[PDB]
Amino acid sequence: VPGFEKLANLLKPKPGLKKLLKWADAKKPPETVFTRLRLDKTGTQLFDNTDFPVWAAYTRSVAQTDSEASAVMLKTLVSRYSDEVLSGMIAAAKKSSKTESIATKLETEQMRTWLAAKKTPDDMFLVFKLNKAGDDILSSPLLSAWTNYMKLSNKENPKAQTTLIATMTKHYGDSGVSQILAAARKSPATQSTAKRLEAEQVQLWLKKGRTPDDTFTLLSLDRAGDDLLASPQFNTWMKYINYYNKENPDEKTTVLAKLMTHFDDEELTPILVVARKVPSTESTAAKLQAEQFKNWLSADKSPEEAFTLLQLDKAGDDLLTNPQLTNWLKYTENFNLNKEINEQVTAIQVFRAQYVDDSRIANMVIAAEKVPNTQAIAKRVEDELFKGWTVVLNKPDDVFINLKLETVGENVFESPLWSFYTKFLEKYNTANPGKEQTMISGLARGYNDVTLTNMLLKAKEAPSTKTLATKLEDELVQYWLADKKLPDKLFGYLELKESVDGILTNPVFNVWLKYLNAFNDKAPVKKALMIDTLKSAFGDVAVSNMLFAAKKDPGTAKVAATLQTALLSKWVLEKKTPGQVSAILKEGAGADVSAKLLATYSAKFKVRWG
C-alpha cells in the first residue's frame, strides 16, 4: 500500500515450481502457500489469477479427497470474502473452462457448509439480496446459485422442501410477485421464465387453499372494471377454476357463478352482451350467456326482467335488428313452456309493459320482413302479435284499435297495418263460424258516421282503393241497418242539415238515400219518406225554393219535379190552405208559375178534400 512498498514487490520474486515442491515436501499448510502466493491482493479477481490453479493443485495434493481439499480451500476463503461475494466469484468462474471444475467443487463444498449450518434456502435468499432484485430478480447472477442450493436442500431435507415461487411470495407478497412477473414478461430475455413462474404462482395459490373468489382479485380482474373478459388474466382465472374444480369436485362452481359473486345481473348481463358483439370474446361470452339463461330458467326469472337486462329496452326502433332479440324470444319460449295461461309471461305482454305498443311492433315487423337477414325473426314477432290478440279473444275491431288504425285517417286503407287488420279478420272469421265480423266493424268503431262516409267516398275516387271503398260503403249501409238506425237520425249524423242548397248533388246525400232505400226494403211499419226528412230539416220555404232552383238544372230536373209533386201531396194531406201554399211558392217563383202550381195544388186538394 505505502509508497516504496510497491517498488519492492518489483524485486520480490515469484515462488516457482521448486519452491512449491519444497513446501509440499515440508507439508506447508495451504493457507500459508496462499498468503505467499500473490493471491492475497486479488480480491474478486482471485479466480482469474494465473496462480490460483497452482494453489488449488497444491492444496489438493496435501489433502486426501477432493472434498477435503475443497473444505480447506473454502476455510481459507470463508475468512476473506463474504458469502455473496464468494458466491458471485464462484458463479463467474463456473462459466470459464479452466476453472469450471474447481469452481463447481467449491460451490458444492460451500453448499454443504451452508447446509450443515442448516441455513434454509430462505436464509440464502436473504443472503444473496434476492429480496432486493425486485423486477430484475430473474436476471440476478446469484439466482442460479440459489436454485442449486434449493435443489440440494430439497434433496437432503425431503420433509422441508420449497420452491422459487414460494420464496418469492414469502418475501414480496402476491402483489409484488405478480408485478415482478408482469415486468419480466415485457423483456424477451425473461419472458419464458416469467410464464413458467406464473404457472407456478397458480399452483401455489391452489396449494394455499385460495378459492376462485380470492384469485379473482389476485389476478386483478376487479382492476379491469367492466372489460375483464378481454384480459389474459381472465384466461388464467378460467384455468385456475378448472384446476380448482378438479381439486374440489363437490364445491365445483362454474365461471358464471363466480362472476355473479363479483357482479350482479344488472351489470354482468351488459358485459356479456358487449363481449358477444366483439369477435375475439364471441365464444366465451356465448357460453356465459348460455349458462346465464339456464340459470334464469332455474330461477324462473321473468321474461320482462330478462328483456330489460339484455338492454332490449334501449333498442327502440331497432329492436328487431338487436342481436339479443332471438335469445330473449327463445328464453321467453322456454320460460312459458309447461306454464298455464295465467302464469306465463308472453312476448306481447313484455312488449306492452316495456312501452312498445302493438302498432310500433307491427311497424318494426313490416320493415324487418323486407330485409332478408331479419325476415325470420320478424315473422316470429308477427306470430307473437297474432298470438297475443288471439289468446284474449280479441275481436277484429279490438285489433283495429290495437294497431291505432283509428288515428291514421284518410290513408287507413293504404297503411301497411291494414294488411294485419284484414289478416286477423280472416283468421277470426274462420275460427268463429257463427260470429263472423265484417271489415267495416273496425272502421265504424274508429271513425264516426260522417267521417267514415267521407273517407269511403274519397277512397272511391282513387283506382287503387275504389273496389275496397265500394264494398265498404255497402258494408257500412248493412252496419247501420243492423244497428237499428232511424233514417232521419242518420240524416243528422251525416251532417246533412248543413245546407239544403245542392243537396240533390251531395254524394253524402246519395249514401243516405242508399240507406233509406235499404231501410224501406226490409218492411218497416211506416215507409220512410225523403220529403219528410227534408222538410223537417230545412222547412217548407227552403225546400220549395231549392226544388224550384233544381228544376232549372237538367241533371236534377226530373228528381226536383218528382220531389215538388211529393211536397204538394204532403201539403194536401196536412190540410194547408191555398193561401199558405201561394205564400210559400212565391218565395221561389214568379206570379204565373206560382199561379199554375197553386191551381194544380188546388185541383189535387179538391180531389182529396174538396
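All residue numbers refer to positions in the sequence shown, first residue = 1.
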(request) Identify the stretch, either 566-574 or 23-31, whose C-alpha atoms have the larger mean B-factor according to the entry. (result) 23-31
(message) Tell me which stretch, 372-380 or 167-175, has the higher mean Cα B-factor listed in the entry.
(response) 167-175
(message) So if I compare the CA B-factors in the entry for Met439, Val72, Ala194, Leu504, which one is the largest?
(response) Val72
(request) Name the residue from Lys535, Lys484, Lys427, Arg360 with the greatest C-alpha temperature factor listed in the entry. (result) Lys484
(request) Quick one: classify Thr253 as lowest, middle or highest third of the chain based on its Cα B-factor. (result) highest
(message) Using only modelled residues of the chain, where does the Cα B factor of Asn336 rank: lowest third, middle third or highest third?
(response) middle
(request) Quick one: classify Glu414 as lowest, middle or highest third of the chain based on its Cα B-factor. (result) middle
(message) Test of reading the entry: by CA B factor among the chain's modelled residues, which third contains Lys497?
(response) lowest
(request) Taking the chain's C-alpha temperature factors as the reference, tell me which third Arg80 falls into: lowest, middle or highest. (result) highest
